[PDB]
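Step one of this worksheet: look at the structure below.
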Amino acid sequence: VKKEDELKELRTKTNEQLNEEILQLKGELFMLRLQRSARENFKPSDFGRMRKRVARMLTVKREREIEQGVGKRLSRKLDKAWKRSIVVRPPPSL
Amino acid sequence: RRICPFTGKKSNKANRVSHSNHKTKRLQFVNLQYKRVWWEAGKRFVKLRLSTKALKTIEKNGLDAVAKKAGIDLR
Amino acid sequence: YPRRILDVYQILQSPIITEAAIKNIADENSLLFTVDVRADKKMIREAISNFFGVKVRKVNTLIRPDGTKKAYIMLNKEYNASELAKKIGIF
RNA sequence: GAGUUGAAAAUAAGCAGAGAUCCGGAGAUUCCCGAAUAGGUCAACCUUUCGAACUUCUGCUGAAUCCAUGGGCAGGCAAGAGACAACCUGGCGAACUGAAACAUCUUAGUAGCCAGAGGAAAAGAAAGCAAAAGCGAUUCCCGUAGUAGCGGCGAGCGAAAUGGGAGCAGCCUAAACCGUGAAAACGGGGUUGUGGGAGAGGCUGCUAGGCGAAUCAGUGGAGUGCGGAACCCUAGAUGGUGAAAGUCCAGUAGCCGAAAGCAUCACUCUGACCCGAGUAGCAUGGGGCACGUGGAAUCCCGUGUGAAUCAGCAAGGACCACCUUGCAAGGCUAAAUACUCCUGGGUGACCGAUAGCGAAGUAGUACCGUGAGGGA
RNA sequence: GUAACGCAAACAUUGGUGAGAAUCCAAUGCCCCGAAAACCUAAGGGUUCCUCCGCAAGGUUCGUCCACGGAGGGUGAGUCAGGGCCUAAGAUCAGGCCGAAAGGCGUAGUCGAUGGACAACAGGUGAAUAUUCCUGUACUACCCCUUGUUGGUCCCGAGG
RNA sequence: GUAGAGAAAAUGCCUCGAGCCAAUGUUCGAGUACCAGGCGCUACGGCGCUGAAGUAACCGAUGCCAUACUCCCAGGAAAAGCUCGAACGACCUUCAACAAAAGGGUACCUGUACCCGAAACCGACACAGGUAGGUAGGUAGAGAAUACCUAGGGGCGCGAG
């Protein structure tokens with residue numbers, strides 16, 4: 001599962017990662033709270049999954065752009081511009 | 001600031017002494033002045049603060065010769 | 001250029017679950033939530049409306065003295081908060 | 001290479017031999033305040049047009065005037081800024097005190113403040129020492145010596161050369177000449193002292209680790225200690241373990257090991273002309289050299305004057321003569337040397353909770369103070 | 001085991017609670033304040049507010065009680081107050097002047113209400129909020145559409 | 001409306017059911033409530049149903065008219081919002097800027113608890129102290145003094161002799 005993750009998502013390409021990232025940090029973060037999801041139905045590893053999932057995602061966008069150039073000044077700027085244009089919507093399982 | 005921009009001259013410390021040796025401290029200042037100078041090329045006024053010896057150096061070696069040794073020029 | 005301070009997708013921490021909130025669900029037709037301290041009314045109404053696909057007559061917010069912002073989110077006469085909140089585990 | 005999900009440790013769900021938790025090297029992220037830097041502010045917030053503010057870089061422009069300068073608009077990974085225990089360089093610069101009072105003098109160029117930068121910094125390659133005998137840039141220790149001296153000749157202050165060491169290293173530049181007007185601004189020619197010039201004729205270490213000898217019982221909580229019987233040693237350093245262990249444990253002597261990153265080795269002269277100029281010297285006022293102006297040299301400075309160019313200039317403790325030594329008014333430079341907020345390794349006729357750092361407990365905390373600040 | 005127990009407005013009873021009550025709760029009397037000892041605000045505090053529990057310590061006695069200890073909660077705004085507007089005293093100050101350094105003066109501006117400028121009232125509800133939530137009836141500022149005029153906008157010269 | 005560098009201020013022309021400026025007042029807001037009192041709850045708290053009359057006279061403020069009036073001299077902030085307006089100088093310009101109309105539709109940040117003539121701030125204390133402003137009832141009285149009271153709040157955290 002761990003060693004697979006590069007072989008998984010280094011294949012999916014940037015504009016695929018947007019909706020992947022957002023769907024990850026959407027539901028299985030947010031929807032699992034609310035009442036802590038059905039009171040005996042946390043599966044608290046899910047918080048362990050998504051937190052580590054999205055962090056592995058965001059590296060790939062970042063670590064790719066180092067090879068191109070960018071260098072953390074432009075990166076922060078385009079993170080604002082991207083982050084500025086989002087619109088939350090119902091996650092999967094709803 | 002009591003500094004000639006050309007000569008680099010400052011005021012000097014002096015324990016100016018009585019007849020009895022009961023000293024003080026005071027500054028022997030530089031003989032500065034606000035005065036117009038006359039540029040060779042331009043042929044204009046240049047409103048500068050210079051020493052007296054600065055005048056002597058300028059009359060010795062024409063302004064641009066002296067003024068290269070204090071980088072700033074064209075006012 | 002939208003948000004006073006940019007924050008996140010996230011914002012909403014959790015709904016408050018207590019005896020006052022349950023009564024306010026029935027009386028005012030309104031939800032109650034804990035949000036970001038740097039969350040705006042505009043930001044909350046854009047989030048919750050765009051999340052559940054429901055309308056928001058008004059939001060009214062305060063900062064309980066520890067420094068965590070809690071918001072009353074009121075809903076139109078059309079949309080029914082009792083049944084909405086029933087399917088988010090508050091009833 | 002086996003169990004983990006920080007400390008106190010409880011639950012809930014996960015991740016683990018297809019190799020986690022961990023350990024090391026290299027990267028990615030890093031809300032808001034703070035040099036703070038889009039603008040404001042009552043630090044950690046508010047407003048936005050979402051912007052490295054401001055300066056020198058660099059592209060265009062076009063003010064009062066031709067050129068130019070100020071200015072405006074752009075691009076910019078964009079160099080600078082702030083912080084930092086002591087040590088250090090530079091600027092300013094005390095007083096109490098000592099002199100049995102006190103003003104010269106001493107405290108002292110010390111404390112303090114201010115600015116600056118490095119691992120050291122500063123110094124530094126002779127216009128130097130020294131004496132007719134010689135030495136060859138600095139810097140530091142021993143010494144000369146508490147001697148020569150200076151000093152209301154009072155209190156006090158106090159050198160250097162000769163001599164022994166530690167450590168050694170030497171460089172570059174401007175003009176006279178040349179070329180593209182000419183001190184429009186660029187390349188070559190040369191820079192030296194018991195005179196010199198040009199001109200004309202992969203290797204190892206560090207940052208993770210690895211393998212690593214030899215003991216058993218009696219002893220009435222517990223045995224490493226006691227009497228008994230053994231064994232190892234290139235291991236008898238250390239820390240632990242129910243009671244003090246070479247042989248119980250982790251270790252140690254001894255050997256082994258690195259993808260990646262850091263450090264280390266890898267013939268003549270016109271004696272034309274050149275010799276750092278408002279400079280040296282000089283007058284006058286000072287500072288500082290052990291040296292209080294004194295016979296006061298040497299070094300540096302405000303004021304005013306104002307040379308010479310190796311048939312020269314400066315020094316050799318006023319000064320002149322003769323000797324000898326050196327080449328000032330442009331720069332650069334490792335070492336030996338100073339120190340400890342700090343890291344690793346070792347050591348202690350050091351402390352053991354009124355001691356040792358203030359601080360063995362989540363201490364610069366509680367508490368006090370408007371505040372600097374004090375402080376268990 | 002002494003001095004003291006912080007005004008000379010003032011208490012009394014019956015019942016309740018409980019291991020225990022002069023002191024906690026209720027009732028009835030009585031008395032005291034009323035340009036306060038009343039109810040609101042500004043500053044300041046900084047959770048003291050409300051609920052349930054506890055009574056080691058704290059409370060000048062006691063204590064079942066508390067501004068105390070533990071556990072959980074509570075502060076809802078276009079119109080109220082401030083900021084997103086404006087400026088005074090004062091502050092900081094680009095360029096500029098002056099100064100061993102630190103810095104000092106000072107214009108353009110920029111901050112800076114204690115002032116100007118601006119739009120909401122009643123009734124209702126509730127352990128703890130209410131001009132904030134509810135009901136009614138209002139008002140300010142923007143985006144629609146019907147008529148339009150050709151320019152707007154800023155700077156700028158006046159009224160105020 | 002007009003002259004004169006002149007659109008505002010200023011030197012001369014006319015015209016005004018000769019009138020203006022306001023606090024109160026008439027209506028809707030408000031055939032609604034609100035409401036004194038009655039009719040039922042069941043144990044320690046309010047809560048369901050009902051619901052009469054709802055006017056006049058006099059006194060009357062330090063409140064409002066009033067940034068009004070008179071008098072006085074010591075001569076009484078600024079700046080924006082607002083209203084004109086003609087310039088010049090720039091921008092934004094024909095899916096647009098300014099004016100009016102009903103009906104729509106839309107609505108940023110922070111404070112809000114509690115004490116605040118104090119047992120919670122300031123006085124080391126649950127201290128006979130200090131602390132800006134607002135509201136101001138009756139009877140007596142010239143009165144915000146006094147005395148006794150209302151609304152509202154309290155009997156001063158040792159007692160007994």
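Identifiers in the structure tokens: chain A, B, ... in order shown; residue index from 1 per chain; ligand index from 1 in order shown.
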What residues in segment 20-69 of chain A get the DSSP label helix (DSSP H, G or I)? Please answer as JSON, numbers by chain. {"A": [20, 21, 22, 23, 24, 25, 26, 27, 28, 29, 30, 45, 46, 47, 48, 49, 50, 51, 52, 53, 54, 55, 56, 57, 58, 59, 60, 61, 62, 63, 64, 65, 66, 67, 68]}
Report the residues of chain C whose backbone DSSP state falls under strand (DSSP E), written as a CSV table (one decimal) with C-alpha atoms, in the first residue's frame.
```csv
chain,number,residue,atom,x,y,z
C,14,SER,CA,-18.1,20.4,13.8
C,15,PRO,CA,-21.8,21.0,14.8
C,30,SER,CA,-31.5,27.0,12.1
C,31,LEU,CA,-28.3,25.0,12.5
C,32,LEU,CA,-25.4,25.7,14.9
C,33,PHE,CA,-21.7,25.1,14.2
C,34,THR,CA,-18.1,25.7,15.2
C,58,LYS,CA,-28.8,34.7,7.5
C,59,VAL,CA,-25.7,33.7,9.5
C,60,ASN,CA,-24.9,35.1,12.9
C,61,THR,CA,-21.6,34.5,14.6
C,62,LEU,CA,-19.7,35.1,17.9
C,63,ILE,CA,-16.4,34.2,19.5
C,64,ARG,CA,-16.7,32.3,22.8
C,68,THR,CA,-13.2,29.6,18.8
C,69,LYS,CA,-15.8,31.0,16.5
C,70,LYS,CA,-19.3,29.6,16.7
C,71,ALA,CA,-22.0,30.4,14.1
C,72,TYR,CA,-25.8,30.2,14.0
C,73,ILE,CA,-26.7,29.3,10.4
C,74,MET,CA,-30.4,30.2,9.7
```
Tell me the residues of chain A close to chain D, meaning within 9 Å using only C-alpha atoms (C1' of nucleotides), as a list in words.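 Those within range of chain D come out as residues 42, 43, 44, 45, 46, 48, 55, 58, 59, 62, 63, 71 and 73 of chain A.
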May I have the residues from that selection written out with N, CA and C atoms, as a PDB file, in the first residue's frame?
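Everything below was put into part05.pdb:
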```
ATOM      1  N   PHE A  42     -16.179   5.559  13.532  1.00  0.00           N
ATOM      2  CA  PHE A  42     -15.096   6.502  13.217  1.00  0.00           C
ATOM      3  C   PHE A  42     -14.251   5.877  12.114  1.00  0.00           C
ATOM      4  N   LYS A  43     -13.709   4.697  12.441  1.00  0.00           N
ATOM      5  CA  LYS A  43     -12.464   4.175  11.875  1.00  0.00           C
ATOM      6  C   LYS A  43     -11.411   5.294  11.865  1.00  0.00           C
ATOM      7  N   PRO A  44     -10.784   5.559  13.034  1.00  0.00           N
ATOM      8  CA  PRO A  44      -9.918   6.738  13.166  1.00  0.00           C
ATOM      9  C   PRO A  44      -8.648   6.710  12.308  1.00  0.00           C
ATOM     10  N   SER A  45      -8.290   5.537  11.783  1.00  0.00           N
ATOM     11  CA  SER A  45      -7.245   5.413  10.776  1.00  0.00           C
ATOM     12  C   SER A  45      -7.552   6.183   9.499  1.00  0.00           C
ATOM     13  N   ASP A  46      -8.834   6.423   9.231  1.00  0.00           N
ATOM     14  CA  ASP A  46      -9.232   7.207   8.070  1.00  0.00           C
ATOM     15  C   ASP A  46      -8.630   8.605   8.094  1.00  0.00           C
ATOM     16  N   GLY A  48      -5.886   9.188   9.636  1.00  0.00           N
ATOM     17  CA  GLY A  48      -4.502   8.827   9.371  1.00  0.00           C
ATOM     18  C   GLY A  48      -4.253   8.630   7.898  1.00  0.00           C
ATOM     19  N   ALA A  55      -0.978  14.720   1.664  1.00  0.00           N
ATOM     20  CA  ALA A  55       0.409  15.114   1.811  1.00  0.00           C
ATOM     21  C   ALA A  55       1.292  14.445   0.784  1.00  0.00           C
ATOM     22  N   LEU A  58       0.376  16.353  -2.679  1.00  0.00           N
ATOM     23  CA  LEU A  58       0.940  17.686  -2.775  1.00  0.00           C
ATOM     24  C   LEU A  58       2.445  17.722  -3.011  1.00  0.00           C
ATOM     25  N   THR A  59       3.129  16.657  -2.608  1.00  0.00           N
ATOM     26  CA  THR A  59       4.549  16.508  -2.897  1.00  0.00           C
ATOM     27  C   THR A  59       4.744  16.346  -4.403  1.00  0.00           C
ATOM     28  N   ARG A  62       4.505  19.456  -6.245  1.00  0.00           N
ATOM     29  CA  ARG A  62       5.658  20.261  -5.840  1.00  0.00           C
ATOM     30  C   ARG A  62       6.985  19.746  -6.411  1.00  0.00           C
ATOM     31  N   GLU A  63       7.268  18.477  -6.134  1.00  0.00           N
ATOM     32  CA  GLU A  63       8.495  17.826  -6.570  1.00  0.00           C
ATOM     33  C   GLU A  63       8.609  17.734  -8.086  1.00  0.00           C
ATOM     34  N   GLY A  71      10.644  27.171  -7.670  1.00  0.00           N
ATOM     35  CA  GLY A  71      11.416  27.484  -6.455  1.00  0.00           C
ATOM     36  C   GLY A  71      10.712  28.137  -5.267  1.00  0.00           C
ATOM     37  N   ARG A  73       8.768  30.617  -4.653  1.00  0.00           N
ATOM     38  CA  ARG A  73       8.225  31.969  -4.535  1.00  0.00           C
ATOM     39  C   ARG A  73       6.978  31.952  -5.383  1.00  0.00           C
TER      40      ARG A  73
END
```
Between atom CA of residue 52 of chain B and atom CA of residue 6 of chain B, what is the distance, to one decimal in Å?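 The value is 10.9 Å.
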Closest-contact table, chain D side, partner chain C, 12 Å, counting only C-alpha atoms (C1' of nucleotides), as JSON lines:
```
{"residue": "D:31", "atom": "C1'", "partner": "C:7", "partner_atom": "CA", "distance": 8.3}
{"residue": "D:32", "atom": "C1'", "partner": "C:5", "partner_atom": "CA", "distance": 10.8}
{"residue": "D:45", "atom": "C1'", "partner": "C:38", "partner_atom": "CA", "distance": 10.8}
{"residue": "D:46", "atom": "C1'", "partner": "C:4", "partner_atom": "CA", "distance": 9.5}
{"residue": "D:47", "atom": "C1'", "partner": "C:4", "partner_atom": "CA", "distance": 8.8}
{"residue": "D:48", "atom": "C1'", "partner": "C:4", "partner_atom": "CA", "distance": 8.8}
{"residue": "D:49", "atom": "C1'", "partner": "C:1", "partner_atom": "CA", "distance": 9.7}
{"residue": "D:50", "atom": "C1'", "partner": "C:1", "partner_atom": "CA", "distance": 7.7}
```
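Our summary of the geometry notes that atom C1' of residue 79 of chain F is positioned 17.9 Å from atom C1' of residue 91 of chain E.
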Counting only C-alpha atoms (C1' of nucleotides), which residues from chain B have an atom at most 10 Å from any atom of chain E, and could you show them as a PyMOL selection string? chain B and resi 1-2+10-11
Go ahead and save the picked residues with N, CA and C atoms, as a PDB file, in the first residue's frame.
```
ATOM      1  N   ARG B   1      27.427  67.571   9.284  1.00  0.00           N
ATOM      2  CA  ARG B   1      28.658  66.792   9.582  1.00  0.00           C
ATOM      3  C   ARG B   1      29.913  67.599   9.240  1.00  0.00           C
ATOM      4  N   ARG B   2      30.839  67.710  10.197  1.00  0.00           N
ATOM      5  CA  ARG B   2      32.099  68.456  10.004  1.00  0.00           C
ATOM      6  C   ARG B   2      33.114  67.585   9.270  1.00  0.00           C
ATOM      7  N   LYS B  10      38.523  65.679   9.155  1.00  0.00           N
ATOM      8  CA  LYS B  10      37.600  65.709  10.284  1.00  0.00           C
ATOM      9  C   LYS B  10      38.064  66.765  11.261  1.00  0.00           C
ATOM     10  N   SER B  11      37.244  67.021  12.272  1.00  0.00           N
ATOM     11  CA  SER B  11      37.683  67.790  13.424  1.00  0.00           C
ATOM     12  C   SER B  11      38.645  66.939  14.260  1.00  0.00           C
TER      13      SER B  11
END
```
Please identify all residues of chain E having at least one atom at most 10 Å from any atom of chain C, considering only C-alpha atoms (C1' of nucleotides), and return them as a list in words. residues 46, 47, 73, 74, 75, 76, 77, 132, 133 and 134 of chain E
Could those selected residues go to a file with N, CA, C and O atoms (P, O5', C5', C4', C3', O3' and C1' of nucleotides), as a PDB file, in the first residue's frame?
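Output contents, as saved in out_16.pdb:
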```
ATOM      1  P     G E  46      -7.338  40.271  35.772  1.00  0.00           P
ATOM      2  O5'   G E  46      -8.225  39.095  35.156  1.00  0.00           O
ATOM      3  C5'   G E  46      -9.389  38.570  35.834  1.00  0.00           C
ATOM      4  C4'   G E  46     -10.406  38.070  34.830  1.00  0.00           C
ATOM      5  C3'   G E  46      -9.886  37.050  33.818  1.00  0.00           C
ATOM      6  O3'   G E  46     -10.656  35.861  33.830  1.00  0.00           O
ATOM      7  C1'   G E  46     -10.891  38.918  32.699  1.00  0.00           C
ATOM      8  P     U E  47     -10.183  34.636  34.733  1.00  0.00           P
ATOM      9  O5'   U E  47     -11.552  33.892  35.058  1.00  0.00           O
ATOM     10  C5'   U E  47     -12.616  34.560  35.768  1.00  0.00           C
ATOM     11  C4'   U E  47     -13.959  33.989  35.376  1.00  0.00           C
ATOM     12  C3'   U E  47     -13.950  32.556  34.837  1.00  0.00           C
ATOM     13  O3'   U E  47     -15.007  31.737  35.338  1.00  0.00           O
ATOM     14  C1'   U E  47     -14.989  33.989  33.279  1.00  0.00           C
ATOM     15  P     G E  73     -19.245  21.652  27.483  1.00  0.00           P
ATOM     16  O5'   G E  73     -20.286  22.805  27.842  1.00  0.00           O
ATOM     17  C5'   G E  73     -21.353  23.158  26.940  1.00  0.00           C
ATOM     18  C4'   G E  73     -22.438  23.941  27.646  1.00  0.00           C
ATOM     19  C3'   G E  73     -22.544  25.409  27.264  1.00  0.00           C
ATOM     20  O3'   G E  73     -23.270  25.525  26.037  1.00  0.00           O
ATOM     21  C1'   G E  73     -22.563  25.210  29.621  1.00  0.00           C
ATOM     22  P     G E  74     -22.800  26.556  24.885  1.00  0.00           P
ATOM     23  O5'   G E  74     -23.260  27.967  25.470  1.00  0.00           O
ATOM     24  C5'   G E  74     -24.626  28.209  25.886  1.00  0.00           C
ATOM     25  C4'   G E  74     -24.716  29.485  26.693  1.00  0.00           C
ATOM     26  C3'   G E  74     -24.019  30.688  26.081  1.00  0.00           C
ATOM     27  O3'   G E  74     -24.836  31.325  25.118  1.00  0.00           O
ATOM     28  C1'   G E  74     -23.434  30.524  28.367  1.00  0.00           C
ATOM     29  P     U E  75     -24.165  32.244  24.015  1.00  0.00           P
ATOM     30  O5'   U E  75     -23.873  33.599  24.804  1.00  0.00           O
ATOM     31  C5'   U E  75     -24.826  34.685  24.866  1.00  0.00           C
ATOM     32  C4'   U E  75     -24.173  36.003  24.507  1.00  0.00           C
ATOM     33  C3'   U E  75     -23.467  36.053  23.151  1.00  0.00           C
ATOM     34  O3'   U E  75     -23.466  37.331  22.498  1.00  0.00           O
ATOM     35  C1'   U E  75     -21.926  36.571  24.835  1.00  0.00           C
ATOM     36  P     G E  76     -24.820  38.030  21.972  1.00  0.00           P
ATOM     37  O5'   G E  76     -24.673  38.033  20.383  1.00  0.00           O
ATOM     38  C5'   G E  76     -23.687  37.252  19.682  1.00  0.00           C
ATOM     39  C4'   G E  76     -24.171  36.851  18.300  1.00  0.00           C
ATOM     40  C3'   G E  76     -25.144  37.783  17.591  1.00  0.00           C
ATOM     41  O3'   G E  76     -24.887  37.679  16.198  1.00  0.00           O
ATOM     42  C1'   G E  76     -26.184  35.695  17.917  1.00  0.00           C
ATOM     43  P     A E  77     -23.848  38.669  15.473  1.00  0.00           P
ATOM     44  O5'   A E  77     -24.797  39.831  14.937  1.00  0.00           O
ATOM     45  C5'   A E  77     -25.958  39.544  14.128  1.00  0.00           C
ATOM     46  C4'   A E  77     -26.784  40.793  13.951  1.00  0.00           C
ATOM     47  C3'   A E  77     -26.129  41.901  13.120  1.00  0.00           C
ATOM     48  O3'   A E  77     -27.079  42.675  12.380  1.00  0.00           O
ATOM     49  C1'   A E  77     -26.600  42.729  15.257  1.00  0.00           C
ATOM     50  P     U E 132     -33.186  43.305  18.693  1.00  0.00           P
ATOM     51  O5'   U E 132     -31.749  42.759  18.288  1.00  0.00           O
ATOM     52  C5'   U E 132     -31.299  42.778  16.927  1.00  0.00           C
ATOM     53  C4'   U E 132     -30.177  41.791  16.771  1.00  0.00           C
ATOM     54  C3'   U E 132     -30.512  40.358  17.186  1.00  0.00           C
ATOM     55  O3'   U E 132     -30.039  39.419  16.217  1.00  0.00           O
ATOM     56  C1'   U E 132     -28.605  41.112  18.366  1.00  0.00           C
ATOM     57  P     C E 133     -30.995  38.926  15.018  1.00  0.00           P
ATOM     58  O5'   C E 133     -31.813  37.728  15.678  1.00  0.00           O
ATOM     59  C5'   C E 133     -31.354  36.365  15.578  1.00  0.00           C
ATOM     60  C4'   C E 133     -32.227  35.432  16.388  1.00  0.00           C
ATOM     61  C3'   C E 133     -33.726  35.550  16.175  1.00  0.00           C
ATOM     62  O3'   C E 133     -34.155  34.807  15.033  1.00  0.00           O
ATOM     63  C1'   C E 133     -33.265  35.514  18.496  1.00  0.00           C
ATOM     64  P     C E 134     -35.197  35.437  13.971  1.00  0.00           P
ATOM     65  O5'   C E 134     -36.607  35.318  14.709  1.00  0.00           O
ATOM     66  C5'   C E 134     -37.171  34.034  15.062  1.00  0.00           C
ATOM     67  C4'   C E 134     -38.418  34.189  15.914  1.00  0.00           C
ATOM     68  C3'   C E 134     -39.505  35.115  15.387  1.00  0.00           C
ATOM     69  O3'   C E 134     -40.327  34.429  14.445  1.00  0.00           O
ATOM     70  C1'   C E 134     -39.119  35.593  17.667  1.00  0.00           C
TER      71        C E 134
END
```
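Residues lying within 12 Å of residue 11 of chain A, counting only C-alpha atoms (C1' of nucleotides) and ignoring same-chain neighbours fewer than 5 positions away, are residues 4, 5, 6, 16, 17, 57, 60 and 61 of chain A.
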Write a file of the just-selected residues containing N, CA, C and O atoms, as a short mmCIF file (atom, residue, chain, number, x, y, z; two decimals), in the first residue's frame.
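Output file again_20.cif is given in full below:
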```
data_model
loop_
_atom_site.label_atom_id
_atom_site.label_comp_id
_atom_site.auth_asym_id
_atom_site.auth_seq_id
_atom_site.Cartn_x
_atom_site.Cartn_y
_atom_site.Cartn_z
N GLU A 4 3.42 1.25 -3.09
CA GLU A 4 2.58 1.42 -4.28
C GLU A 4 2.31 2.89 -4.63
O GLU A 4 2.24 3.23 -5.81
N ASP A 5 2.18 3.76 -3.62
CA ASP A 5 1.66 5.14 -3.79
C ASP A 5 2.34 6.00 -4.87
O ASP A 5 1.65 6.73 -5.58
N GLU A 6 3.66 5.91 -5.00
CA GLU A 6 4.35 6.57 -6.11
C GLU A 6 3.91 5.95 -7.44
O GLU A 6 3.52 6.66 -8.36
N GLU A 16 -5.57 16.00 -13.04
CA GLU A 16 -6.23 14.87 -12.38
C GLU A 16 -6.08 14.98 -10.86
O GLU A 16 -7.03 14.71 -10.11
N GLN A 17 -4.89 15.37 -10.41
CA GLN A 17 -4.60 15.54 -8.98
C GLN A 17 -5.44 16.60 -8.27
O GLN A 17 -5.71 16.45 -7.08
N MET A 57 0.11 13.53 -2.10
CA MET A 57 -0.33 14.16 -3.36
C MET A 57 0.41 15.46 -3.66
O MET A 57 0.98 15.63 -4.73
N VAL A 60 3.87 15.58 -5.04
CA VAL A 60 4.06 15.24 -6.45
C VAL A 60 3.91 16.46 -7.34
O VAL A 60 4.68 16.62 -8.28
N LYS A 61 2.93 17.32 -7.04
CA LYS A 61 2.80 18.61 -7.72
C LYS A 61 4.05 19.45 -7.49
O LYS A 61 4.60 20.05 -8.42
#
```
Chain F residues near chain C within 12 Å, closest pair each, using only C-alpha atoms (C1' of nucleotides), as a Markdown table:
```
| residue | atom | partner | partner_atom | distance |
| --- | --- | --- | --- | --- |
| F:106 | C1' | C:57 | CA | 10.8 |
| F:107 | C1' | C:58 | CA | 9.3 |
| F:108 | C1' | C:42 | CA | 8.0 |
| F:109 | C1' | C:40 | CA | 8.5 |
| F:110 | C1' | C:63 | CA | 9.9 |
| F:111 | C1' | C:62 | CA | 10.0 |
| F:112 | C1' | C:62 | CA | 9.1 |
| F:113 | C1' | C:65 | CA | 9.4 |
```
Selected residues written out, C-alpha atoms (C1' of nucleotides), as a PDB file, in the first residue's frame:
```pdb
ATOM      1  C1'   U F 106     -29.227  41.464  -1.876  1.00  0.00           C
ATOM      2  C1'   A F 107     -26.616  42.927   3.633  1.00  0.00           C
ATOM      3  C1'   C F 108     -18.362  42.918   5.686  1.00  0.00           C
ATOM      4  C1'   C F 109     -14.544  42.872  10.757  1.00  0.00           C
ATOM      5  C1'   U F 110     -14.506  43.357  16.117  1.00  0.00           C
ATOM      6  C1'   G F 111     -17.330  44.308  21.037  1.00  0.00           C
ATOM      7  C1'   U F 112     -21.954  42.065  23.379  1.00  0.00           C
ATOM      8  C1'   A F 113     -21.426  37.318  29.591  1.00  0.00           C
TER       9        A F 113
END
```
Give me, as number ranges by chain, the contact residues of chain A against chain C at a cut-off of 9 Å, counting only C-alpha atoms. A: 22, 25-26, 29-31, 33-39, 80, 83-84, 86-91
Go through B:56, B:36, B:69, B:47 one by one, measure the shortest atom-to-atom distance of each to chain D using only C-alpha atoms (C1' of nucleotides), and give the residue with the smallest value. B:56
Contacts of segment 286-295 of chain D within 12 Å, only C-alpha atoms (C1' of nucleotides), excl. fewer than 5 positions in-chain, as an MDAnalysis selection string: (chainID B and resid 12:17 20:21 23:28) or (chainID D and resid 104:105 109 148:153 157:160 300:303 317:319)
When you look at residue 77 of chain C with a cut-off of 10 Å (counting only C-alpha atoms (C1' of nucleotides)), what residues show up, excluding the ones that are within fewer than 3 positions of it in the same chain? I need them as an mmCIF file with C-alpha atoms, in the first residue's frame.
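Below is the file that was written, result.cif:
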```cif
data_model
loop_
_atom_site.group_PDB
_atom_site.id
_atom_site.type_symbol
_atom_site.label_atom_id
_atom_site.label_comp_id
_atom_site.auth_asym_id
_atom_site.auth_seq_id
_atom_site.Cartn_x
_atom_site.Cartn_y
_atom_site.Cartn_z
ATOM 1 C CA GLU C 28 -35.662 29.056 14.504
ATOM 2 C CA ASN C 29 -35.242 26.443 11.711
ATOM 3 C CA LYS C 55 -30.419 28.354 1.216
ATOM 4 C CA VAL C 56 -29.299 30.632 4.041
ATOM 5 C CA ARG C 57 -31.545 33.518 5.135
ATOM 6 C CA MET C 74 -30.351 30.152 9.722
ATOM 7 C CA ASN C 80 -36.350 21.919 6.647
ATOM 8 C CA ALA C 81 -33.537 21.790 9.166
#
```
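Residues in contact range of segment 36-47 of chain F, defined as at most 12 Å between only C-alpha atoms (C1' of nucleotides), with sequence neighbours fewer than 5 positions away removed, read residues 16, 25, 26 and 27 of chain E; 52, 53 and 54 of chain F.
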Contacts of residue 19 of chain D at 9 Å or less, counting only C-alpha atoms (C1' of nucleotides), minus same-chain residues fewer than 2 places along, as a list in words? residues 1, 16 and 17 of chain D
